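Chain by chain, the residues:
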Amino acid sequence: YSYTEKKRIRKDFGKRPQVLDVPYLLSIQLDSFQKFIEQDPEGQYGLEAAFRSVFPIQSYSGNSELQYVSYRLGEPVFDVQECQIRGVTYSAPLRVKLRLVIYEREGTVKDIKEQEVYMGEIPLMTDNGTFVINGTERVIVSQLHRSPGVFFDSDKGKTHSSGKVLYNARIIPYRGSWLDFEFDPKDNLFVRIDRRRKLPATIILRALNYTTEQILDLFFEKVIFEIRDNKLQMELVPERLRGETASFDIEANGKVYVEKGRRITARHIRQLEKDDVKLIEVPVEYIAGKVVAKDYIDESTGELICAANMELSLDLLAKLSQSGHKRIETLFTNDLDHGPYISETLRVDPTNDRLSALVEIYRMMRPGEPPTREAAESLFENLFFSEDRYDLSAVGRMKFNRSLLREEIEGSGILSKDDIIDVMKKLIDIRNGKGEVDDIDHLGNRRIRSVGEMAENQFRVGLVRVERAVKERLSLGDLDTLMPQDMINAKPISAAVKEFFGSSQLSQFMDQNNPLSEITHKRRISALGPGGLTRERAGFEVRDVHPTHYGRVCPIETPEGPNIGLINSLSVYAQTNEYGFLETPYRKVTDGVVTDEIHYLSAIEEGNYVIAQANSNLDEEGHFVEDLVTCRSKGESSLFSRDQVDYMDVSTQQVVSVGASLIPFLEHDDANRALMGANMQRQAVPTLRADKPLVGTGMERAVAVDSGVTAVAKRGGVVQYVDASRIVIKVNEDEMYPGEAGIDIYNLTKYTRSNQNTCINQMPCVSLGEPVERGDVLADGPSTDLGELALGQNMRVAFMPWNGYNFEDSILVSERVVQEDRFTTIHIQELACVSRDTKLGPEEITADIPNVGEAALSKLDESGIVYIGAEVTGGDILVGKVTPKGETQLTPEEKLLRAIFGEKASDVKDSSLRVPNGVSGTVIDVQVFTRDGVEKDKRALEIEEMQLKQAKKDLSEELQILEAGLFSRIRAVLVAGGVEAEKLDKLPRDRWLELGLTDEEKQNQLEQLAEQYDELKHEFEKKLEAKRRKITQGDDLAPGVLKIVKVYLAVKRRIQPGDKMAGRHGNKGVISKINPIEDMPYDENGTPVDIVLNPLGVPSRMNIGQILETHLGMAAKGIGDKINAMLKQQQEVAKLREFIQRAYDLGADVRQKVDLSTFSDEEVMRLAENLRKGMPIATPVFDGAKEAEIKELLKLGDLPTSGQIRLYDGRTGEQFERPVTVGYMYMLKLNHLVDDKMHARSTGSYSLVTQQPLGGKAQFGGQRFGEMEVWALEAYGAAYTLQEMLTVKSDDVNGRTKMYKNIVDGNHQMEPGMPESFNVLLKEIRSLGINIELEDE
Amino acid sequence: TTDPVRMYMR
Amino acid sequence: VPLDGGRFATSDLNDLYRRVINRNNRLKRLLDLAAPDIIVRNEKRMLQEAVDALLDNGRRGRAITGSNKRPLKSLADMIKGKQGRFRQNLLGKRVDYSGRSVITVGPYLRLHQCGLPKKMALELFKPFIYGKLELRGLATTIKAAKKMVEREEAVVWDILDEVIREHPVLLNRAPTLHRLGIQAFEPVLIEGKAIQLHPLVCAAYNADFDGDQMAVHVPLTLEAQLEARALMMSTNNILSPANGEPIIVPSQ
Amino acid sequence: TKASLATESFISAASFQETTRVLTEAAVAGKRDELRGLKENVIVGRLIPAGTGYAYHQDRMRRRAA
Amino acid sequence: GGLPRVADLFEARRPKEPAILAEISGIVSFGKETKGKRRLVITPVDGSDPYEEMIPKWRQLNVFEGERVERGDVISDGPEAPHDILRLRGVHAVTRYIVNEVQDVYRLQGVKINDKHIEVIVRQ
Amino acid sequence: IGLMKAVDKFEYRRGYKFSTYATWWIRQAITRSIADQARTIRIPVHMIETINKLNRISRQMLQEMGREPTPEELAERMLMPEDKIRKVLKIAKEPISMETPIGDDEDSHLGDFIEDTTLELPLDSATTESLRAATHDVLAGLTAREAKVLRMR
Amino acid sequence: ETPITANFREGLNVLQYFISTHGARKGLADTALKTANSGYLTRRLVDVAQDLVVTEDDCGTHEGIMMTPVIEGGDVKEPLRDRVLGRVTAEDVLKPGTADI
Ligand SMILES: [Mg+2]
């Protein structure tokens, strides 16, 4: 076992030793972006592939091209933290060298210029796989879209309501025009450019310079029909007659083979093999129904006897025979095997020449515009033949060639004559029966364009849009007078990149309220967005589960809203291939043993082999134990032999996602409820006491270390200094760099506002001076318990009704829970004030607010900015601001007051950033950003000074740590070879450098150290100065805002009735009311019960995972009972090991690795010290424990076998008859707190356009009363209710005021007027050419 | 075509 | 109208109107500038295009807006459709004196009463509270009553209990299929923030306690208070109108 | 859906049906709506002629047009 | 069946495979050969006899040739069109039809609604 | 329009081709026209020219400073003084269509969150109707002379 | 042709859960996407209904639809009593003997 385990172990279960380690789940993101920047010396994806594509941009025949040299990504302008502080995006500059060349006219002169010009910046992904578009950590969801290449669909059934089911093909490139090849119900072949009109497919061939003779000689087989001397013969092949009908008599070689009426059977076929028949004569009727390919003119008159693709008549027969023609070509027609398709189309086709084909296509594309040779030629060759306007993308070229049964997968990005003729051959082959039609939903036809590729594509758009000005200025400009920079601009290039990152249906905010949420989010693969489909654009089938999803996308994890089947999650071990498809790992089963090698089978790669099933007895020497094992080979699942085994599953938990994997006993929950629980799992909000899951799946570390929320150790060493701020780790001598020696000085984050207004914070987990290897969590963060994912809490559940307090799905929680603050989640709101210039002068942030009290301004400073730490509640002032407002002209009644009591009116209004009503917290951070020029106030200077001094403090701290950790090395060398010890430490450490050694390579070491040292001391300088210059630097504010004062509140909402809670199994509910401890039903020992669920909530929605999670948790806590007893009784170190050993055991056929070799006493001591609160237990997704194993775990923990006990009522005292299933469970506190849902309004603001109650301001807005509500009111006799609804409470500028002035007079009487929305409707109708009016009183 | 820009362009 | 940061927020109707005016002016300038026919006949068509796109945008060529690529909304577009006027304005509007919250159990409640959170009732009946306070000699004027309830003085809780007394309220479940989707109950002041609902009515409402939310509505006229007692009150709606079978039957 | 098309009140039709069409047609004909119904009333904000509104409409319509 | 079914029932949509009806009593008779579709004549008893129709031969028949068949008879198989049920039968027959059919889809699962309601829709 | 203007004031005698001359009036009658019909809030031509020049200077300096020039830098590169830059850029904003969909991509638009800060809330209208009566009673408590004098001043 | 052979208590294995996942998805989507369907139906119904109110005391027609029990195939589905309860007679209904009331 490692070092992070010796502090607390998790007992595993089941069998099937894990062969493949946990893959870094944040790979797909990091790797996709690790392909977009990593410079590539060829056309492979990346910025290089973009420049190489759009470049060189040569002028219009001026030969004054502009090549692409190379690119460089200079260091960013701001670091991640400062970037968030200021709000700007986190991107690196992108400078690109360009080379403008010209060839002036003897001649051959070559010129050139070179310089690297800046063209926009590109956003940089973080180590966690996220970007910062604007002060918000954002995730770029990977997209799943149709793969390029060829596609053969069916379009069967509905077609012309005949059942004659048609066929069609579709060449879908990666960037360009599509090519459709469909069949017409009369067996015709038609082509479609992109979606345009329909044209007889033959036309395209005539555009490729294919004469009619050749078109005929490209599909049908020529059958010789000669009339040598007489008696029309045939160079027939014995195979051609297979499955045909006879119409004549055969007398070949005197032998009479076939007669008229007896068709050619399978017998006659081989009968022609013994006699070796190659020539047979036919009457003047069998040829009367054939075609002729090559033209036949008379050798005397020049006239045309018969043309190409022309029928044959006995009359024209004599024409060609009298002219002297002997060799006649025919097309091997077959209404069953080889249809006449192409020929039947050539008749429907108007144009018979090349130029006319180009024309027809041109007028098809741009109608009404008279075509010309040049325009039509250019249009045609610029569709599927120009790299400038058409590219297949090696992915597309690969799938295209492979689908066409080719050999070399690597080819050009453009199509060729063969690329078209081959696809047509394949389509016709399917039209004959051989071949198949690809599945539109097969995972082998769905690429995954992740962030790194979409970034490149959107960047390429910004390059192509500037390609215009380059050709322009390079053709209609001048010579050397200009440089390769004067014709470029950063805004157009970086536009299409910015646009992508700032707003896109694929780029969103990181789902940061749960580490599991961050991990499972970046693993989502949406089918919507750019290039995808709309929710109402995709049918109800493309959302279903396909057998290829196995090991690639968890068939469970998905949203249950309108985006069902279009979102899904990437599987645990699933990985992306080199191209774009999804491949899952496997284990090769050689000879009948299962090796340890891995082979990632792609979607189509798997569809040909027969992999074994993850659940099968592989335990032994290693050979397949069972004889007939269940496997999947041809998409279908069935029993296969023991010798036909190709591969095997890596593990049972590879068909699920990271979220569905954490579900314990998932083999016991139905799919519906599993889906529900999986989705709700990523809603659990972190608590105050991050508590480990008593029953997990082991997969916690696989998510707590992946999410950057943790803090792992890079280099191994011993902790030099622990603190709640930083952790200095003294690196090990054998694990450090041979220069300056460094140390690992970590800096934890403290109480940052998450994207969901929650709290994120990291807390240490190791004390001073403790051995720490690499891979050990140096500190825990939100929802992290010493390395495990702490999603929820451990609640002692007991299934029993309780006076209907739980009635439907409501949850009944004890008072003890809400007392120990185990669900008291902390929140951090961020409310800022903005003093900006107005029409009557700039606003003021002074504490001199009019019409206020002295009790409020007592919590502000000399600048009216709330004191840090000072606790406040809703309605209190945090930033005193006043906006100027002149020219009031109050009513005379008020002027009389101003004259009576002498109360002059201020010329200023009030702005006053005041705490939102409903929440009360503590101020934990106050920031001030002042516009450049405008001198800072007092509090602004105080905050700038605190920034400065805190900066120097932290900087000098880091510096001293490194300086001492380096002077120690100086001493190490200054002694070895030059021993000085006493005298050495006598003089100051400054003289340590002036001293030297005798001739030896050790003198080099010194010279190295003194270098690094001084270099470090120089490094520090630029870091300080820089951070100083930014602090005093004029902050970047919006155009027209004086100052901005940010305030960060810290709410600590508790758990009260109305909050939602769910189990990680698909069982939701709402806390009805917190019931006291006394009334809480207890049991024998006297211990109360945390939560009391409803038993009736299991037997409907299968969701049996809670049932067994409770029993296993009861046992896992019963073992902790004994651990805690022996810890409290301080018996000895003997019983501890005696019990713990036998514990990590029992079961059947497990893998846990007995202890007692662990530092015996001292280490089994800390194990028990942290094992008091039950013993953690793992439960793999399908390799979890079973009933009998739990039954034994219970008997070990001095617990019953049935998992049920008796419960005593707290109030009455008698015991509830009929045993009650009790125990523990993992409860999730979803981010659905009622304190944020509840809202109410009586008289708020109103929309300007239509005088209706503003449905915004997020709780202060009025409720919506839709049509259905009006119908419900119409059902009853209620008429004044409906009226006052849509008259007084919404519209009627007078109705609201009159009703309000009446309600206070004790008079409940409405005065209905005219809904303002209706007058606005009258305006909008009358402003048209429509006159609407009203008539009599 | 329909759009009145075509009436002018031709 | 202007907005935050200085940016001005305008309507697309403006852009379209401005276009019509520009092109009409240009045409008149040509008609008095002695221009040929190839120019003036192009101007007339541009004018027709702009006018038609102003009345109904999407029947000729879908004239787009400025910096934004999205097509601007024309006059007729501000009337039809499920969104906008006549459907989202005149038949269904938002209303004052209302609210919403997560609903829970409440067995102790009678089939006619429902538990309403205290703070919700305060904010809701604010206009009643102010007047009833200034009447009983506890608040000098309306403004003073506002500060009295804003301070949460003890007396105002009893005042609220006096105003709630027999003052029915309306509860609504988010999808309103039948008429029973809106039913009137008698307020029962309660602590916390959750709305208590009577289990016997959960069937009619077709709601669970898994996080579902319901909306509250406070009647104003004496009529709307009577109709919520003799027409909409819970204990007056027992057997459904669709079928004579009672809609109030014991659950799990 | 075809019967909900034709209705004495044009406003109630243009409320849910194809407004742009309904109004054009009922405009060339100079059609005149007296509302006589539910949706029209809730549009202009009036006591619906049904139930509690039917009694008020009773007392009003009685002396109205008479 | 289901909700898309009751949608059609209310929309009075014409069925895919309609079934011709009789307009008067009397012996039915054939007529002109197969031209495009086919013919069929109506032979009333006492009153005027101008009624006839064209029924395609590609659509099998069910009515008896030399047999009296009153108006609204099953001249063929397949579903029925409500428009044709109003003309040859009357105002009560069609409502009795729509209610009986729409009630079946609801009768399948646990739904009960008095015929009165559906009658109001039929009347509208 | 500028084409016609360049035609009427052209002499074929000078020899210079017509394509050179007509272009001046055409391109100017397009540029100035843009300056007059572009912004919903019309701006005098001069300001358009000056703003476009400021933009040009900020453009041709992106490659020099590395990212972008300083606020008080163009003050010298331009003929104009320093402090006028901030105002010229402050007024350079464009109106956002009220139909611009708000976040969440829902049908919710900007024109739905727009409040109305014109109508005074009813909580103050009640105070007005109360002060009216209070002042009336109080003034009716004084003498007659003082009463009319107060209701007059 | 490959039924499930394991129960929910014992626990499902990897292979068997896939077909359950399709069944679950069909149910989930078919019920979720059906919301707008039923809503649209009832919406058009209310738009065809609204103006219809109970005003006149008594029309004055003896017409009446002819109510008969559904009895079909094997057994009755809904007796005559239900489809006649609470309604109104059109013509005097008598005993099985004629000329009665
Ligand atoms: Mg629910």
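Residues numbered from 1 in each chain as written, not as in the entry; some residues may be left out. Chains lettered and ligands numbered in written order. Part of a larger assembly, values for the part shown. Heavy atoms only, no water. Residues with missing side-chain atoms left out of burial classes, pairs and counts.

Regarding how it was determined, this PDB entry cites X-ray crystallography in its header, along with a resolution of 3.803 Å.

J.: Explain the overall build of chain C to me, please; I cannot follow it from the model alone.
T.: Summing up its helical and strand segments, chain C has eight helices and eight strands in all. Its C-alpha atoms give chain C a radius of gyration of 28 Å, more than 25% over the compact-globule value 18 Å for 252 residues. In terms of its C-alpha atoms, chain C occupies a principal-axis envelope of roughly 90 × 55 × 35 Å. A buried classification covers 50% of the 252 residues belonging to chain C. Accessible area of chain C: about 11,600 Å², with a carbon and sulfur share of 53%. The positive charge centre, built from 38 side chains, and the negative charge centre, built from 28, are 8 Å apart in chain C. (Helix = DSSP H or I, 4+ residues; strand = E, 2+ residues; numbered from the N terminus. Rg over C-alpha atoms; globule rule 2.2 N^0.38 Å. Buried < 20%, exposed > 50% of the residue type's maximum accessible area, 1.4 Å probe, protein only. Areas by Shrake-Rupley, 256 points an atom, 1.4 Å probe, with all protein chains shown as cover. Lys, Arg positive; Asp, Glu negative; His and termini not counted. Charge placed at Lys NZ, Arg CZ, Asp CG, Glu CD.)

J.: Is there a simple way to explain helix α28 (residues 1160–1170) of chain A in this structure?
T.: Residues and elements named next belong to chain A. Of the positions making up α28, those classed as buried are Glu1163, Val1164, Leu1167 and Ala1168. Down the axis of α28, the buried set is contained in an arc of 140 degrees. They therefore lie on one face. Elements that come into contact with the buried residues of α28 comprise α26 (1105–1128) and α27 (1133–1144). (Arc of directions from axis to C-beta. Contact = heavy atoms within 4.5 Å.)

J.: I tried to follow the environment of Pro101 of chain F on my own but got confused; where do I start?
T.: Relative to the helices and strands, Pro101 of chain F resides in the loop between β1 (96–97) and α7 (110–113). We classify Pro101 of chain F as partly exposed; its relative accessible area is 27%. Separated by 33 residues in the primary sequence, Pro101 of chain F and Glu68 of chain F place their C-alpha atoms 31 Å from one another. If sequence neighbours within four positions are ignored, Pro101 of chain F has contacts with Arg70 of chain C together with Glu106, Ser108 and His109 of chain F.

J.: What exactly am I supposed to notice about the sheet that holds strand β3 (residues 113–123) of chain A here?
T.: Paired through backbone hydrogen bonds, the strands of a sheet run either parallel or antiparallel to each other. Residues and elements named next belong to chain A. Reading across from one edge, β1-β2-β3 is the order of the three strands in this open sheet, with antiparallel pairing throughout. For this open sheet the edge positions go to β1 (66–72) and β3, each flanked by a neighbour on one side alone. Within this sheet the neighbouring strands show an average axis-to-axis angle of 30 degrees, counted without direction. Here β1 pairs with strand β2 (residues 91–100) via six bridges, running antiparallel. Across the sheet, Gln67 pairs through a bridge with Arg99, a residue of β2. (Pairing = 2+ DSSP bridges. Axes fitted to C-alpha atoms, helices over the stretch in contact; angles between N-to-C directions.)

J.: So what exactly am I meant to see when it comes to the packing of aromatic side chains here?
T.: We describe a pair of aromatic rings using the distance from one ring centre to the other and the angle between the two ring planes. All names here are of chain A. Counting across every chain of the model gives 29 aromatic pairs over all chains. Measuring from centroid to centroid gives 5.5 Å for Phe51 and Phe459, while their planes differ by 80 degrees, and the two rings are edge-to-face. Here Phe967 and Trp992 contribute two aromatic rings whose centre-to-centre distance is 6.3 Å and whose plane-to-plane angle is 45 degrees, an arrangement assigned as tilted. Remark: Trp992 occurs in helix α24 (residues 991–994) and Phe967 occurs in helix α22 (residues 938–975); sequence separation between them is 25 residues. Residue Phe967 shares its accessibility class with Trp992, and that shared class is buried. Taken together, the ring pairs in this structure connect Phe33, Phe36, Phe131, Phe500 and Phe501 into an aromatic cluster. Sitting over the ring of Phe190, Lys198 keeps its end group 5.6 Å from the ring centre. Stacked on the ring of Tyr1, the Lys or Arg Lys1153 has its end atom at 5.3 Å from the ring centre. (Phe/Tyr/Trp six-rings, centres within 6.5 Å; stacked < 30°, edge-to-face > 60°. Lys NZ or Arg CZ within 6 Å of the ring centre and 35° of its normal.)

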